[PDB]
Every structure is written in structure tokens, then in C-alpha cells.
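There is one chain below, alone, in C-alpha cells, taken in the form deposited in one PDB entry.
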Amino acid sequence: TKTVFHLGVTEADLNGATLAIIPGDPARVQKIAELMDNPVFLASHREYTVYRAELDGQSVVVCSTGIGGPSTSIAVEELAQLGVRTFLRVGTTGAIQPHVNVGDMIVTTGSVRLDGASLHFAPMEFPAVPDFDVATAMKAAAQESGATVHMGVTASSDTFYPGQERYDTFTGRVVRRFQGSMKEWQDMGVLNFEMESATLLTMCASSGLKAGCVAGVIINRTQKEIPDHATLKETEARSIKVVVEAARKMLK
């Protein structure tokens, strides 16, 4: 009966939803919801915009997370309090491998925990791993969209800048831990950087929740060509089509 503190929704508001799609950007919430039936705005507070919709007759929540594990952890927790058990993350990513192209899609098979919030759920030795059904559904949905799909490891960083070894910054400095790190992850086969998967996957895998992450590649750190506008727009649309279809696969 309670209204969760941050998301401002009740369990009844979710109309029985046990699955949530959790993009990063609040603006993307409506966009995902309208790919389903009967999208209804529930609430917007802070970075959390929440809609409900229906997919093959089943209630689905779409809720933005904001950037980063901390804000993601709140949304996932409060949704879980309200009965959500499956969380499908969709979000943009920078690829770091030359073979991954802008417009491709990555389904994370495990995340490098370059975050802090994951540690609030499990010690570092615990794997930031998706639920296998979710990863499988995301792969299938991504392939069916016509996308080129990569399964692999994602580096999930609490920062956009030094943790992704960006030097074009105010200080131009990167702390010792992250100096040379992009090359190290590249050499280790890591596909991409984003900022939420380690927290999400660790939290869920250690809490009896099913989670997975799919991402559209919007830049490649190894390509000094500017991503074409059309490809990006197409990638935006494809990513959310894919996550909704992955949700469909998870429901039945």
C-alpha cells in the first residue's frame, strides 16, 4: 500500500508488473512504453520517470535509472519492493574494440565492477553476471532486429571520465589505477564501457532478481570517425525495439 520513497509509485500502480525495462534517460521511458500497449505515465521524480504498459496482455514497468549505479540501485530496489523481479537494462555505450561498430549491439555477459554500489550487495569476488534467460532473450531479440550482436564483458565505471580513461578533461589527469586501463580492458577482450551494469547485475544476481543489459553502440573509442546521424537515430530506435522484444521473450 506504501508509496516508495523515490519512485513515488505504489504496488497497485504497477498493475501486477513483474518485469521492468530500465533505461538510463528519463526521456526514453515514454519512448519505450509506447512500443507496448496502453502506456500510462505513473510518476516522475528526480531522474525517475515511471510508466506502465502492457505487453502481450501483461503489465510491464518502464523506469529510468539516471546515470550510475547509485541511482540505478534505488530504482531497482523500490521496484522490487513493489513486486518487480526481472529488470532489463537498455542504454548507450562506447565500444572499445575495433571489431564492434557504431550501431552494433552488445549484450553483457559479465561486467567489470569499476563501480562502488555493486560492493553494497556483494563483495568484489562475486561476478557481475546477468540472468542467463535474460541474456539469452536479449541476444535473440537483438539478432532478430537485424543488428550485429556481441556477447561479452562490459566495463562498468562509476565515472564517465577518468574511469573510462578519458584525458580530455579539466585536469587532464587520470589516477594511477586507471592509467593504461583502456588498453588493459581492450587486451582482455572487454567490449564496451557504460556506467550501470556492474551495480545492476551484481545487485540482482545476489538478490534473487533477474537482470540483463543490452546496449546500442553509439561511439567506438578506437575509431576516429564521427558516427553518422542516421545510424545513431536508427540505433536509438533499434535498442528499444530490441529490449521490448527481449521483455516479450521473458514474459513468455
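A residue's number is simply how far along the shown sequence it sits, counting from 1. Shifts are known only where both forms have a C-alpha. So that the term is clear: the rigid core is the largest set of C-alpha atoms that superpose within 1.5 Å between two forms.
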property: Across other compared entries, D13 missing in at least a third; result: no
property: Check: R238 without coordinates in a third or more of other entries; result: no
property: Mean C-alpha temperature factor, higher of 168 to 176 and 155 to 163; result: 168 to 176
property: Mean Cα B-factor comparison, 144 to 152 or 77 to 85, giving the higher one as deposited; result: 144 to 152
property: Out of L191, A205, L55, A198, highest CA B-factor residue; result: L55
property: Out of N101, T136, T72, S181, residue topping the C-alpha B-factor column of the entry; result: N101
property: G68 - which third its CA temperature factor falls in, relative to the rest of the chain; result: lowest
property: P26 by Cα B-factor - lowest, middle or highest third of the modelled chain; result: middle
property: Cα B factor band for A211 (lowest, middle or highest third within the chain); result: lowest
property: Third of the chain, ranked by Cα B-factor, where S118 sits; result: lowest
property: Lowest, middle or highest third - CA B-factor, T92; result: highest
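The same protein has a further form, the form deposited in another entry, not shown here; the description that follows concerns it.
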| query | finding |
| --- | --- |
| Candidates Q223, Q30, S44, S207 - which moves between the shown form and the other one, C-alpha at least 2 Å, core fixed | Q223 |
| Threshold 2 Å Cα movement between the shown form and the other one at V9, rigid core reference | no |
| Direction of C-alpha distance change in the other form, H229 to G146 (at least 3 Å) | farther |
| Cα-Cα shift for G146 and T231, closer or farther in the other form, minimum 3 Å | farther |
| Taking the rigid core as reference, consecutive runs of 3 or more residues that move 2 angstroms or more in Cα between the shown form and the other one | 223 to 234 |
